[PDB]
Each structure stands twice: as C-alpha cells, then as structure tokens.
Amino acid sequence: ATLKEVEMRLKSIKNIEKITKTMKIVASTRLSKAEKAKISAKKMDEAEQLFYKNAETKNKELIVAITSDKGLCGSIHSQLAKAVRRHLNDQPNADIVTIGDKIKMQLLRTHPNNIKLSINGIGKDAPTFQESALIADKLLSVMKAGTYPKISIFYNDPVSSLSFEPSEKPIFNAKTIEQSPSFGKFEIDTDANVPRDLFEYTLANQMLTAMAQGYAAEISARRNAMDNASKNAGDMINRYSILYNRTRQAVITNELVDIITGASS
Amino acid sequence: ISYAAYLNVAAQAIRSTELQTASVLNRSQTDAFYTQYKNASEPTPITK
Amino acid sequence: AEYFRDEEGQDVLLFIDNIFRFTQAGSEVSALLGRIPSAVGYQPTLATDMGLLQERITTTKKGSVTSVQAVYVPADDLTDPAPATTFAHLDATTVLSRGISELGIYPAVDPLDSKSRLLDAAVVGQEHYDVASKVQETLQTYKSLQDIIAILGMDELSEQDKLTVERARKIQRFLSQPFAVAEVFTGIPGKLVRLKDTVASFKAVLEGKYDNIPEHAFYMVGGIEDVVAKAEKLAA
Amino acid sequence: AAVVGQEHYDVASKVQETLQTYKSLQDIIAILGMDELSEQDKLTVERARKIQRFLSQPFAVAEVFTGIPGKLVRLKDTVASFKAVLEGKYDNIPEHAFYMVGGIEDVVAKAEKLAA
Amino acid sequence: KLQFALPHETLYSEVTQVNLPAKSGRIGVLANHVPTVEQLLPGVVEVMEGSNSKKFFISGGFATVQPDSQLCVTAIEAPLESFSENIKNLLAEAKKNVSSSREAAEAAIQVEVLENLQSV
Amino acid sequence: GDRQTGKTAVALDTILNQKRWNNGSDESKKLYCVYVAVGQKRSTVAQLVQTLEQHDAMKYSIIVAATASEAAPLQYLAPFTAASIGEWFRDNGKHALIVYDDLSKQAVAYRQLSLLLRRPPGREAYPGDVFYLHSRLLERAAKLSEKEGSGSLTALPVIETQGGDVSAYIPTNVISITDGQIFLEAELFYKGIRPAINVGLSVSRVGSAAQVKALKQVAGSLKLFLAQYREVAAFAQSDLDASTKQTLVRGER
Amino acid sequence: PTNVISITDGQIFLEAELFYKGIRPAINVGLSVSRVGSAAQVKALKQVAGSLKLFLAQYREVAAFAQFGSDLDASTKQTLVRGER
Amino acid sequence: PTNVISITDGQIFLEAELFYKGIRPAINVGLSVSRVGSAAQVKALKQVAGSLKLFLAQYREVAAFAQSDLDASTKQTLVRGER
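Quick mapping for you: the protein sequence lines, in order, are chains G, I, D, F, H, A, C and B.
Just so we're aligned: the first sequence equals residues 1 to 59, 71 to 276 in the entry's author numbering.
Just so we're aligned: the second sequence equals residues 8 to 23, 27 to 49, 53 to 61 in the entry's author numbering.
Just so we're aligned: the third sequence equals residues 240 to 475 in the entry's author numbering.
Just so we're aligned: the fourth sequence equals residues 360 to 475 in the entry's author numbering.
Just so we're aligned: the fifth sequence equals residues 11 to 23, 26 to 90, 92 to 97, 99 to 115, 118 to 136 in the entry's author numbering.
Just so we're aligned: the sixth sequence equals residues 171 to 407, 410 to 425 in the entry's author numbering.
Just so we're aligned: the seventh sequence equals residues 341 to 425 in the entry's author numbering.
Just so we're aligned: the eighth sequence equals residues 341 to 407, 410 to 425 in the entry's author numbering.
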C-alpha cells in the first residue's frame with residue numbers, strides 16, 4: 001500500500017540505523033588504539049627522517076597503496092584510488108601493489124595489468140611489524156623493487172580526526188642512499204654496506220608508519236561516517252513518519268464517512 | 008638472510027624467557043595471503 | 240463452571256477458545272441489533288460484555304475458577320481494540336509467536352512478552368524471582384549482541400559477553416521441551432518438569448554447573464536429569 | 360514464453376528482476392551512497408538507470424510537447440535492442456544517449472551527438 | 011642526547029653515555045660524539061643518563077648520531094631483564111629444528129639471541 | 171502512562187505516605203483520599219481494599235466503585251458523582267485528593283452511551299463533547315480562596331496510554347486542561363526501574379510553591395545532574413573522555 | 341479477509357515484490373501457514389523438507405542484515421550462500 | 341485538486357522551499373506542466389524556448405542522483423541549470 005511501503009522501507013531504514021550505530025560504537029573503541037599506535041610509530045619514523053634530511057637523500072616505478080579488506084569506513088578506498096589514478100597518468104607503466112581488498116577493487120578496475128602483486132588478509136588487524144616486514148620481504152624478492160626507479164607508497168594521512176587526506180611519500184632506495192652527498196658526516200665503512208641494510212630497514216619502517224597513519228585515518232573516518240549514516244537514517248525515519256501519519260489520518264477520514272453514511276440511513 | 012628478515016626473526020625471538031605481553035605476540039603474527047596478480054589474472058593467493 | 244464453583248463447591252479451570260471469536264460474533268449481532276458499531280466495527284457494548292464474562296470468572300469463597308482464555312490476535316496487533324480491552328481484563332498474559340515455534344522451541348512463547356501479575360518477588364519467592372531476573376537480563380544481552388554477532392561476529396565481544404551468549408543459547412534450548420500431545424504434533428513423548436526442579440535447573444545453568452554439556456543436549460528435552468542423560472546420548 | 364516466445368520472455372524476465380533490485384537498493388543508496396554498494400550490485404544499479412532512460416521513446420504528436428520528433432520502434436527491433444543492453448554491449452554509453460530516444464541504433468548515434 | 015624510539019613505545023626520546033652493539037662491534041656514545049650511521053646488531057644495550065643505568069635488549073636496528081647530537085636509535089622493540099630458563103630449553107628445541115633447513121637460519125638467529133640474553 | 175504497569179501502584183503510594191500526614195492534627199494535612207475505581211474489576215479493587223486495610227489507610231479512604239461489569243451510565247457519572255463528595259470536604263475547608271482511575275475507560279463508557287443514544291461520533295470515534303466533559307470534571311479540583319475557605323480538592327487523573335500515544339484525542343485534551351503531566355516510561359518499567367518515569371516527559375507547572383523550601387534547595391542540582399546523565403548516556407554506548417565518565421557515575425548512583 | 345482468515349485452516353500469502361524478483365508464481369511463505377500440517381504430507385517428503393524450513397528461516401533473518409554489502413562473518417554467510425541457492 | 345487537474349490545461353504548482361529561497365513567489369517547474377504547447381505562442385518564443393523545459397528537468401535529474411560522484415558532463419548541465 002502506501003502504508004505498507006512506508007512501513008517496510010521504514011523498517012529497512014531502522015535496521016540500517018541500528019547497524020550504523022553499532023559500527024560507529026565499535027569504530028570508537030578501535031580508534032583509541034589506532035591513534036595511540038600512530039604516535040609511537042610516527043615518532044620513531046621521524047628519527048629515521050632526521051637521517052634522510054641531513055643526508056640530503058631525495059630519490071618501472073612502484074606504487075603501494077594501503078586500505079583494509081573491510082568495507083565501509085568512508086571514501087578512503089576511492090579517494091585513495093583517485094589520487095593513485097592521477098599518478099597512473101603520472102606514470103602509466105607503474106606497478107601497483109594493493110594492500111587491502113577494497114583498494115584492490117578500485118584500482119583493479121582502472122588498470123588490472125598494473126596489479127602484479129597484491130596483498131590480502133591484512134586489513135582485519137591493526138598495522139604490525141610482522142606484517143610490514145613480510146610484505147617488504149615479498150616486495151623485495153618478488154618485485155625486486157630496488158631496481159624500480161622509485162618507490163611510492165600511498166596511504167591516508169589523518170589530517171584531523173574529522174578528515175583524511177590521502178598522502179604518499181617516496182621510499183628512498185639504496186641508490187639514493189649511495190648518492191646522497193652528506194653521508195660522510197654519517198661515517199660508515201664499506202664493510203656492512205649501509206645502503207643494502209638501510210634500504211631494507213626503511214622499507215619496513217616507512218611502510219609500517221604509512222600503514223599506521225592509514226589505519227588511524229580509516230578507523231577515524233569509519234566512526235565519523237557511521238555517525239553521519241545514523242543521522243541520515245534519522246531524517247529518512249522522520250520523512251516516512253509524516254507519510255505514515257498522513258496515511259493514518261486518511262484511514263480515519265474514510266471510516267468517519269462510513270459511520271455517518273450508515274447513520275444517515 | 009635478508010636484513011629485514013634478520014631483524015624480524017630477532018624481534019620475534021624477543022617475544023620469548028617468557029614475561030612478554032599479548033600485544034607483543036600480536037605484533038609478531040600475521041595471517042594473510044600474498045595474492046600474486048601477475049599478468053590482472055592472479056596466480057594463487059599464497060599465504061603471507 | 241459456576242455450578243462447579245458454587246454448588247459443587249470446587250475449584251475449576253475454565254478453558255475458552257478463541258475469545259476473539261466472542262468479540263467478532265458480537266460485532267455481527269451489534270449490526271443486526273441496529274446498534275451503530277463502535278471502533279474497528281466492534282460492538283459498543285464490548286467492554287461490558289467482556290466485563291460480565293470476566294467478573295463471572297473469579298475466585299469466590301466456595302470455588303476458584305481459573306480461566307485460560309485463548310485469544311487470537313488479528314494481524315498480531317494488540318492495539319486492535321478487541322485485544323487491547325482484553326489486555327486489561329487478564330491477570331497472566333502469554334504471547335505465543337510464530338518465530339519462537341520456527342526456532343523449534345515448543346512452546347512458542349515470546350519470553351520477554353510473557354508477563355504475569357502473579358509473578359512477583361515474594362509471591363513466588365525471592366529465589367525464584369532473582370533467578371528469573373537473571374534469565375531476563377541474560378536474554379536481553381543476547382539479543383543486543385545478536386547484532387554484533389551478525390556482521391562483526393562473536394569474537395570481539397568479551398569472554399564474559401561470549402559466555403552470556405552461550406548460556407542464553409543453552410537456556411534457549413532448555414526451553415525446548417516436548418509435549419505428550421506433540422506425540423502426533425512432533426511424535427516425541429512429553430515431559431513434565433516440577434516447579435522446584437525448574438528453579439533449581441535454571442539456577443544450575445546460570446551457575447554454569449552444566450556449561451560442559453552441549454547446547455543441543457538441552458534441546459527438546461525436559462529437566463536437568465534428562466539433560467545429563469541426553470549429554471550421554473550425544474557423547475555416544 | 361510461447362506467445363512472444365522464450366527469447367522475448369527471458370529478456371522481459373531479466374528486466375523485471377533488475378528493476379525490482381534497483382527499487383530495493385534505494386534505501387541503502389540514500390543512507391549511504393551508491394559507491395558504498397558492492398560492485399555486482401553497482402553494475403545492476405547502473406544497468407537499471409540505463410534501462411530507465413531507455414524507456415522514454417517519443418511519440419509522433421508528443422513531438423509537440425517534448426519538442427523531440429516522435430519515435431516508433433519495430434517489435435523485431437525492440438527484442439534485439441533490449442537483448443544487447445542486458446548483455447551490456449552498449450552499457451558504457453552515457454545515460455543521456457539513452458535518454459528520450461527509441462531503438463538501440465538511436466542510442467549509438469546520439470552518443471555521437473553528445474560526444475561532439 | 012638520546013632519541014631511543016620504537017614503533018611500540020618511545021624509550022628515551026641528557027642521556028650521557030649509551031653503550032651499543034653495532035656491526036662495528038660495540039660503540040659507545042658520550043655527549044658530543046661524531047655523527048655516524050651504524051647498523052645496530054641485535055643487542056644488549058646499556059643506556060646511562062647521568063649515573064643511572066638502564067639495560068635494553070634490542071631487536072637490532074639503526075643508530076645514527078645526528079650532527080645535532082641526537083642519537084636516533086630506531087629498533088622494533090627492546092630493558093630486557095624482566096623477560097627472563100625455559101626460553102633456553104625451547105631454544106635448544108629450535109636448535110634441533112635447525113636440522114630443518118630458511119628455518120635453520122631462523123633457528124640459528126634464535127640460538128644467537130639466547131646466547132646474547134644468557135650473558136646477562 | 172502504560173496500561174496496568176502498576177499504574178494504580180504509583181497512585182497508591184501517595185495515599186500511603188498521606189497516611190502519615192493524615193495522622194497529623196492539622197486538618198489541611200488531613201487529605202481524605204478518594205480512589206475512584208472506574209471500570210475496574212472487583213478482584214482488582216479487592217486487592218486495593220486489602221492493601222488499604224493492611225496499611226490502615228481505610229479510615230479516611232473512599233472508594234467510589236464503578237466496577238468492570240457495572241453499567242456504562244454509572245461509569246460515566248462516576249467521577250462526577252465522586253467530585254460532589256470531594257466538594258463537601260473542600261468547601262468545608264478541608265483538603266483531599268481524588269484519583270480518577272482511569273478516565274480513558276471513562277471515555278469509552280461515554281462513547282458507548284453516546285452511540286446508544288445515537289449521538290454522533292467525533293474524532294478518534296470519541297464524542298466531541300468528551301472534551302467538555304473532562305474539563306468540567308477537572309475544574310472541580312481547586313484551591314479555594316480563603317473567603318471561600320482555605321480548603322481544596324487535589325486531583326491526579328490517571329490516563330492509560332495505548333503504547334504511549336499521548337497524541338490520542340483523550341490524552342491531548344486532558345494534557346491541556348491539567349497543569350503538569352507525569353509520563354511513566356514503560357521502557358524503564360520493562361528495564362525493571364520501579365517507579366518507572368521519564369522526567370524528561372514529566373513536568374509540573376505548579377512548581378516550587380508546591381515544593382518544600384528545603385527540598386527545593388537540594389534538588390535544583392538533582393534535576394540538572396539527571397538531565398546530564400541522560401544526555402551523556404549515548405557517549406557510553410564508545411571509548412570517550414573522563415569528563416563524560418564522571419557524569420555517568422554521578423548519574424548512575 | 342480478516343473474517344475468512346479466522347475461518348480457514350491456512351493462508352497461502354503471495355508477495356508481489358517476490359513476483360518481480362522472479363519467482364513466477366511467487367509465494368511468500370512468511371504469512372503462509374497450514375495448521376493441519378504434515379500429517380497431510382508424504383512421509384518421504386516430510387523427511388527431505390525437514391530442515392528446508394530451518395535453512396530458509398535462518399536465510400530470511402540473515403539476508404535481512406546482509407543487505408548492507410559488508411563482508412559479514414562467515415557463519416552468517418554460510419547461511420547467506422546456502423539460502424540464496 | 342486531481343479532479344480539477346484532469347479538467348485543466350496544465351498546472352502551475354509552486355514550491356515552498358523556493359518561496360523562502362528568493363523567488364517570491366516561487367514556481368515549482370517540476371510540477372508545472374502545460375498541455376497546449378507553444379502553438380499558443382509565437383515562433384520567436386518557440387525558437388528561443390526550445391528544450392529549456394527538458395534542460396531544467398535534466399538539472400533536476402542531476403541533483404536527484406547527486407546524493410555519489412558524477413561525470414563532468416552532468417556537472418556542466420547542472421552549472422548551466424543553476425545559473
């Protein structure tokens with residue numbers, strides 16, 4: 001009817017409301033850990049960056076991208092996809108590793124050949140060294156990424172805990188370390204060639220930090236989005252309520268007419 | 008052995027003695043599948 | 240029933256079926272009587288006719304007549320005037336819903352919606368009351384957690400929460416008890432579980448005395464004695 | 360499936376199902392977005408939006424009101440046209456090209472018009 | 011100054029003398045020390061801030077005295094002493111597992129780590 | 171509030187506290203309570219009677235009884251009849267409290283009557299001059315001028331809500347006529363909070379000239395704290413600030 | 341309908357939306373009942389369709405949450421996958 | 341209204357939101373239709389007015405479906423439409 005279609009769609013809306021509420025709550029719970037993590041990691045990373053600045057480093072081509080397997084957290088998946096697609100116009104022949112099922116899907120549509128190695132089964136957990144290290148290890152062995160002119164990793168910088176701006180940074184390869192001019196004011200011997208360890212070490216350290224930043228933005232966005240979803244659902248509840256009320260009123264009117272029509276006879 | 012693999016095993020080894031927290035053990039585990047996407054078409058999503 | 244109550248001087252236990260039929264019938268003769276039918280076409284004298292019947296059914300100092308009046312709730316809407324008026328006149332409401340029957344639980348009672356006014360704290364004893372309050376809370380938790388379990392899954396919820404869910408499921412299937420008249424409606428011989436035994440058995444479950452017994456070994460069986468034996472049956 | 364035959368009937372069946380899906384996901388689309396839908400669902404939703412646009416076929420004396428010359432499409436053409444769209448052969452062509460036009464061939468040419 | 015940091019906790023982000033084990037053997041850093049990069053070998057580390065001495069067990073990493081006299085120590089995780099015999103026994107099991115060949121190398125690093133721990 | 175959620179029980183509690191005041195020699199504190207049992211089964215009133223005997227409240231009580239079986243004309247005139255009794259106390263300068271339970275069923279009886287007199291139905295199939303009826307009854311509860319004697323009649327009508335629908339014609343009308351509402355919140359009842367009231371939906375517009383001065387001082391705070399407890403409820407339904417948690421504890425206690 | 345529903349031993353509710361969904365005819369068995377039941381059902385057919393009902397009942401609930409598009413827990417999707425078929 | 345509408349040669353429904361929003365009075369053009377067309381009007385006002393009814397029912401459509411992301415083509419029409 002009017003009544004039943006109003007009501008059933010309102011019921012759908014209700015179930016959705018409850019679910020978006022539920023999601024938002026869990027998102028907040030996860031968020032506290034996520035933000036905390038990102039601090040410790042980021043502080044550690046900055047210490048490494050301290051080397052790179054002073055070294056004056058400054059690096071066919073890698074793209075790495077990070078999201079979760081899990082869906083619904085925002086437009087994290089597709090905003091990141093769009094800035095990647097922009098950088099697939101900045102290098103068509105760049106090899107995409109997609110870390111996370113959702114970011115896998117968006118890029119896989121735009122270029123599927125470019126997807127060469129992809130990583131799944133990461134998104135569930137919060138970023139961890141074990142993951143970063145192994146992904147790095149596979150990235151080196153499988154993709155031989157040291158021979159790729161640069162590496163670029165994309166992640167989501169959590170600009171504010173109400174925003175996320177997708178951001179990228181370049182992982183300085185061993186050649187960069189080699190050819191950086193200040194490196195003698197970071198004296199080291201030929202033996203134990205620092206580029207060949209430092210490349211690999213910062214592959215993980217940069218990746219883990221990137222991962223932390225991304226996940227922190229993602230869970231934060233998930234809370235925000237799920238909250239906004241609940242609000243949007245409220246508006247729809249109210250819209251179907253007015254229709255319900257109008258329909259209810261109309262039933263009464265016809266019934267009153269019926270009583271009068273009867274009584275008059 | 009690779010430098011970052013070397014450090015990785017060492018970090019895992021540190022989670023032994028035995029006084030170490032749950033969070034350490036979580037940092038020391040991953041269940042994943044590195045999905046070889048060679049050529053669009055995907056050779057098997059072999060464990061990571 | 241009155242003859243039994245009064246002059247046979249005995250307690251009785253009346254059974255009527257469905258009392259919606261009584262209202263509905265009355266509507267038909269309202270119209271024919273020329274009496275302008277009141278709300279939702281129900282007779283204007285709905286209240287007083289119900290009232291007469293209900294007042295007649297009572298405990299008196301010579302007989303205690305106990306009605307079980309079956310009620311058919313049109314379109315499961317209790318704000319339909321005929322159910323709602325009866326809702327007032329009752330003492331021990333029970334709601335039998337399709338869903339719980341579908342879950343395979345006999346009887347089909349909605350557990351939160353089964354309320355009696357003769358269920359009270361000292362009335363049925365503080366022990367009985369407190370244990371039953373724990374049951375209500377346990378179930379209410381389970382239902383809220385169904386949503387978590389639905390998408391996110393069971394794991395994420397605390398061990399305490401997980402145990403609350405598991406116990407609710409065990410209790411849920413400890414409600415499943417077969418009936419003797421369901422030897423043709425289910426073909427499973429009935430069970431009769433003493434009041435004292437029920438208080439004890441639900442107390443036991445909550446205490447987790449039998450958290451080592453499978454959920455389905457509570458399913459469709461009687462008392463605790465049965466459940467232990469039924470644990471053996473699955474064990475074999 | 361005999362009167363207009365199995366081919367017509369099948370084509371009709373898929374259109375009915377598709378449209379009903381599109382109506383169903385109106386809630387989720389609004390509460391969330393349509394990019395917050397699964398890829399499979401997103402394809403059907405997109406297909407249904409195309410179907411919807413396709414359904415406007417001008418009429419001869421409605422050229423007066425619309426300002427668009429009327430469109431009559433052969434029964435043989437209709438079966439052909441819908442078949443292709445369901446196979447998404449022409450699903451990659453703007454909504455606008457499917458808008459206010461008759462047959463499949465008209466959509467193709469109107470894609471050319473839009474492209475300019 | 012010391013800037014001992016991990017993606018886990020920030021340990022010692026002046027820390028007067030720090031004694032480190034590096035692939036260059038052992039290196040000690042005191043106040044103004046020359047700005048170097050040293051790959052930290054998996055380690056037993058002492059950190060002294062004034063006279064007080066704190067004893068890290070460190071997963072190896074990188075050390076970098078920066079020219080602003082900030083000893084950036086970056087390591088995955090690190092004092093070690095609270096963690097501490100069953101680990102030596104299970105390490106013997108891992109040594110027998112070194113019969114199984118990368119797995120041998122992993123188990124060997126485990127044996128190296130036990131020896132390094134056992135010293136303290 | 172919701173049907174038989176111990177609706178009568180909330181009311182009965184007042185009567186029992188009034189036993190204490192009644193004992194008091196000040197005859198303005200001798201509120202001669204009247205319970206007006208409208209369409210209430212004789213069993214239900216039997217429970218009430220025994221409770222009243224038990225708390226010795228029978229010795230100022232009046233129970234005007236229009237029982238469930240009793241005729242709809244008796245039910246119709248039952249609060250009006252009762253009110254005249256109340257006027258006698260009030261006019262005599264005494265005070266008393268009359269509890270009409272429940273005017274919703276009183277409304278139904280008037281409906282039954284009106285339809286039987288073939289007097290037309292009106293909105294929500296209730297007579298239109300039901301409003302007029304209710305207003306007449308409720309204008310007999312009044313604190314009389316001192317030339318007309320200090321005395322008063324106080325009344326607390328009980329309205330039974332059909333799933334909390336106060337939008338219903340009989341609730342809307344009464345709400346306007348009366349000053350204050352107490353809206354018993356059924357969710358709270360189900361959640362075992364007895365008394366079950368949401369004080370977000372209870373108001374009194376007879377204010378603190380009906381509040382003890384002492385109690386006023388120490389309960390401005392109380393209103394505000396509970397309000398905050400309610401608002402900050404949803405901040406617990410998430411890992412959030414110590415400040416919220418402080419409010420929540422203070423609220424929970 | 342109300343009067344008749346009370347009189348009759350069953351309802352065989354059909355749903356229009358499900359007609360469009362492609363069951364043609366479409367029977368919505370949520371509001372379809374047969375109080376007389378499976379004494380009028382062949383013994384073989386009683387056995388085979390025994391848990392047909394259970395699976396469907398689970399499917400109805402599971403399907404309702406499932407439209408959201410999220411990757412739900414696998415146990416629920418075991419139901420979801422089976423139920424669809 | 342409907343009984344009248346069937347009799348009448350179009351309708352001119354007016355929009356409350358727009359009324360407040362600076363068309364005083366505000367003519368909803370989604371729900372304004374005619375049923376005689378521009379053969380009641382002279383050719384200058386037919387030639388200029390070509391497809392504008394469609395155009396602002398294309399702008400209307402674009403903002404209907406804007407609530410995810412859409413193509414620049416749609417944006418162009420919406421931009422024209424707004425203006």
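Even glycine gets a Cβ: it sits at the ideal position worked out from N, Cα and C.
- Along chain D, in chain order, which residues have C-beta atoms closer than 9 Å to that of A384 of chain C? Looking up residue 384 of chain C in the seventh sequence gives position 44. Near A384 of chain C there are no residues of chain D at all, since even the closest Cβ is about 16 Å away, more than 9 Å.
- Can you list the residues of chain G that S23 of chain I reaches, using a CB-CB cut of under 7 Å? Here residue 23 of chain I corresponds to residue number 16 of the second sequence, with the count starting at 1. Within chain G, no residue comes near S23 of chain I; the closest Cβ sits about 15 Å away, beyond 7 Å.
- Cβ shell of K469 of chain D (< 6 Å), same chain only, five flanking positions each side left out: Here residue 469 of chain D refers to the residue found at position 230 when the third sequence is read from its first residue. For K469 of chain D, where only same-chain residues beyond five positions count, the Cβ hits under 6 Å are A456, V460.
- Message: Less than 7 Å between C-beta atoms, sequence neighbours within five positions excluded: which residues of the same chain meet that for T333 of chain D?
- Response: Taking the first residue of the third sequence as position 1, residue 333 of chain D is located at position 94. Answer for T333 of chain D: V348, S353, listed in chain order.
- Where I367 of chain B and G423 of chain B are concerned, what is the direct C-alpha to C-alpha distance, given to the nearest angstrom? As a position in the eighth sequence, residue 367 of chain B is number 27, starting the count at 1. As a position in the eighth sequence, residue 423 of chain B is number 81, starting the count at 1. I367 of chain B and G423 of chain B: Cα-Cα distance of roughly 15 Å.
- Query: For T57 of chain G, which residues of its own chain have a beta-carbon under 8 Å away from its beta-carbon, when the five flanking residues on both sides are left out?
  - Reply: Translated into positions along the first sequence, residue 57 of chain G becomes position 57. Taken in chain order, the residues that qualify are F183, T187, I188, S191.
- Task: Inspect the beta-carbon positions of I329 of chain A and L273 of chain A and report whether they are closer than 7 Å.
- Result: Locating residue 329 of chain A in the sixth sequence gives position 159, where the first residue counts as 1. Locating residue 273 of chain A in the sixth sequence gives position 103, where the first residue counts as 1. Going by C-beta atoms, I329 of chain A is nearer than 7 Å to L273 of chain A.
- With 7 Å set as the bound, which would you pick, yes or no: does the beta-carbon of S410 of chain C sit closer than that to a beta-carbon of chain G? Here residue 410 of chain C corresponds to residue number 70 of the seventh sequence, with the count starting at 1. Yes, contact with chain G.
- Count the CB pairs spanning the region 246-265 of chain D and the region 306-313 of chain D that are closer than 8 Å, and state whether there are at least three. yes
- Task: Measure how close the beta-carbons of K401 of chain F and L445 of chain F come, nearest whole angstrom, since I'm counting them as under 8 Å.
- Result: Taking the first residue of the fourth sequence as 1, we reach residue 401 of chain F at position 42. Taking the first residue of the fourth sequence as 1, we reach residue 445 of chain F at position 86. In fact, because the Cβ distance is near 16 Å, the residues do not count as touching under 8 Å.
- Item | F413 of chain F (DSSP reduced to helix, strand or coil) | Along the fourth sequence, read from residue 1 onward, the residue named residue 413 of chain F stands at position 54. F413 of chain F falls in the helix class under three-state DSSP.
- Meets three-Cβ-pair contact criterion under 8 Å: the region 145-157 of chain G and the region 243-250 of chain D: no
- Query: Mind listing which residues of the region 419-441 of chain F have their C-beta closer than 9 Å to chain B's C-betas, in chain order?
  - Reply: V423, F424, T425, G426, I427
- Leaving out five residues on either side along the sequence, give the residues of the same chain with a beta carbon under 6 Å from the beta carbon of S383 of chain F. The count along the fourth sequence starts at 1 and reaches residue 383 of chain F at position 24. Excluding positions up to five away in sequence, the list is empty.
- Task: Determine, using beta carbons only, whether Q46 of chain I comes closer than 7 Å to chain G.
- Result: Position 36 of the second sequence holds residue 46 of chain I. Interface residue, yes.
- Item | Residue from G:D148, G:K242, G:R233 whose Cα sits closest to the Cα of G82 of chain G | Taking the first sequence and counting its residues from 1, the one referred to as residue 82 of chain G is at position 71. It is G:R233 whose Cα lies nearest to the Cα of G82 of chain G.
- Item | 8 Å contact criterion, which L335 of chain D and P346 of chain D should meet: CB distance rounded | Translated into the one-based positions of the third sequence, residue 335 of chain D becomes position 96. Translated into the one-based positions of the third sequence, residue 346 of chain D becomes position 107. 7 Å between Cβ atoms; contact.
- Query: Taking only runs of the alpha helix (DSSP H) that begin and end inside the region 202-238 of chain A, which ones reach a length of at least 4 residues, in chain order?
  - Reply: 212-224
- Message: If you follow the beta strand (DSSP E) that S306 of chain D is in, where does it begin and where does it stop?
- Response: If you number the third sequence from 1, residue 306 of chain D lands on position 67. That run of the beta strand (DSSP E) goes 306-308.
- Comparing alpha-carbon positions, which option in G:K18, G:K14, G:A34, G:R30 lies nearest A227 of chain G? Here the question's residue 227 of chain G lines up with position 216 in the first sequence. For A227 of chain G, the nearest C-alpha among the options comes from G:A34.
- Determine, using beta-carbon pairs with one atom in the region 215-222 of chain G and one in the region 34-51 of chain G, whether at least three such pairs fall under 8 Å. yes
- Query: From what residue to what residue does the alpha helix (DSSP H) around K442 of chain F run?
  - Reply: In the fourth sequence, the residue the question calls residue 442 of chain F occupies position 83. Element bounds for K442 of chain F: 434-445.
- Look at the Cβ atom of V206 of chain A, then the Cβ atom of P249 of chain A, and state whether they are nearer than 7 Å. Locating residue 206 of chain A in the sixth sequence gives position 36, counting from the first residue. Locating residue 249 of chain A in the sixth sequence gives position 79, counting from the first residue. Closer than 7 Å, so yes.
- Message: By the 7 Å beta-carbon criterion, what residues does the region 390-416 of chain F contribute toward chain G?
- Response: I390, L391, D394, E395, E398
- Could you name each continuous beta strand (DSSP E) segment of 3 residues or more that falls completely within the region 252-300 of chain A, going from the start of the chain to the end? 267-271
- Task: Let me know if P428 of chain D comes out buried or exposed under the rule of 16 or more other beta-carbons within 10 Å of its beta-carbon.
- Result: In the third sequence, counting from the first residue as 1, residue 428 of chain D sits at position 189. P428 of chain D should be labelled exposed.
- Chain-ordered neighbours of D386 of chain F on chain G, where CB pairs are closer than 8 Å: Position 27 of the fourth sequence, counting from 1, holds the residue named residue 386 of chain F. Neighbours of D386 of chain F on chain G, chain order: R9, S12, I13, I16, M247.
- Query: Mapping DSSP to helix, strand and coil, what is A414 of chain B?
  - Reply: Along the eighth sequence, one-based indexing puts residue 414 of chain B at 72. Three-state DSSP puts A414 of chain B in a helix.
- Message: Using the three-state DSSP reduction, which class does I427 of chain D fall into: helix, strand or coil?
- Response: On the third sequence, residue 427 of chain D is found 188 positions in, with the first residue counted as 1. It is coil, neither helix nor strand.
- Completely contained alpha helix (DSSP H) runs for the region 342-416 of chain D, where each covers 4 or more residues: 365-390, 398-411
- Message: Strictly under 7 Å for the Cβ-Cβ distance: is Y360 of chain C near chain F by that measure?
- Response: The count along the seventh sequence starts at 1 and reaches residue 360 of chain C at position 20. Closer than 7 Å to some Cβ of chain F, the Cβ of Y360 of chain C qualifies, so yes.
- Quick one: what does DSSP say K110 of chain H is sitting in, helix, strand or coil? Counting from one through the fifth sequence, the residue named residue 110 of chain H turns up at place 96. Looking at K110 of chain H - three-state DSSP - the assignment turns out to be helix.
- Which of helix, strand or coil DSSP assigns to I126 of chain G: For the purposes of this step, residue 126 of chain G is taken as the residue at position 115 of the first sequence. Reduced to three states, the DSSP call for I126 of chain G is strand.
- Reference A15 of chain H, options H:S36, H:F74, H:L93, H:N44, closest by Cα: As a working mapping, residue 15 of chain H is identified with position 5 in the fifth sequence. Nearest of H:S36, H:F74, H:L93, H:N44 to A15 of chain H, Cα basis: H:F74.
- Task: Please indicate yes or no: does the CB of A403 of chain C lie closer than 6 Å to some heavy atom of the ligand MN?
- Result: Absent from the structure shown: the ligand MN. Ligands present: none.
- Query: In its own chain, which residues sit with a C-beta less than 6 Å from the C-beta of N192 of chain A, not counting the 5 before and 5 after it?
  - Reply: Here residue 192 of chain A corresponds to residue number 22 of the sixth sequence, with the count starting at 1. Excluding positions up to five away in sequence, the list reads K200, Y230.
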